[PDB]
Amino acid sequence: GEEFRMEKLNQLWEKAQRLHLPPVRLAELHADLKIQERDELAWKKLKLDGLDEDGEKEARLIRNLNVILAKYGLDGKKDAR
Numbered sequence: 017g018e019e020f021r022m023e024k025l026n027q028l029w030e031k032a033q034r035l036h037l038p039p040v041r042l043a044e045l046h047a048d049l050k051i052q053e054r055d056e057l058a059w060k061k062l063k064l065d066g067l068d069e070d071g072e073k074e075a076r077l078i079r080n081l082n083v084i085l086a087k088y089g090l091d092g093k094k095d096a097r
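Residue numbering for the sequence shown follows the entry's author numbering, starting at 17 and increasing by one per position.
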């Protein structure tokens with residue numbers, strides 16, 4: 017349907033496009049969304065089967081989403097003024 021399968025990667029990427037980021041920027045971001053995508057479905061298999069019972073696998077997905085959102089402030093608070 018969209019560059020990504022879930023609406024979280026789709027909404028994040030398109031969001032970046034709305035931020036008017038430059039091309040190189042949407043390129044590194046898209047790379048992080050694709051890696052976070054395969055990691056979100058593969059992990060979705062984990063959580064669904066009870067693999068991230070420790071919160072480590074699903075945790076890596078959280079840090080990655082914060083890394084992208086941290087590189088594009090697409091959904092993170094970094095402004096101190």
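Positions of the beta carbon are idealized from the N, C-alpha and C atoms, including for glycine.
Specify, as a first and last residue, the run of the alpha helix (DSSP H) that residue i falls within.
i          : result
residue 56 : 39-65
residue 34 : 23-34
residue 79 : 73-88
When you compare the CB positions of residue i and residue j, do they come within less than 8 Å of one another, or not?
i          : j          : result
residue 56 : residue 77 : yes
residue 74 : residue 59 : yes
residue 53 : residue 79 : no
Quick one: does the C-beta of residue i sit closer than 7 Å to a heavy atom of the ligand COA?
i          : result
residue 94 : Inclusion of the ligand COA in the displayed structure is not the case, the ligand content being empty and no account of it being possible.
Residues in the same chain with beta-carbon distance under 8 Å from residue i, minus the five sequence neighbours each way, listed in chain order, please.
i          : result
residue 33 : 42
Can you find the residues in the same chain that come closer than 6 Å, C-beta to C-beta, to residue i, ignoring five residues on each side of it along the sequence?
i          : result
residue 39 : none
Taking 7 Å as the limit between beta carbons, can you name the residues of its chain near residue i, skipping five residues before and five after?
i          : result
residue 35 : 88 and 90
Check: Within the chosen definition, does the segment 71-91 reach the segment 23-35 through at least 3 CB pairs nearer than 8 Å?
Finding: yes
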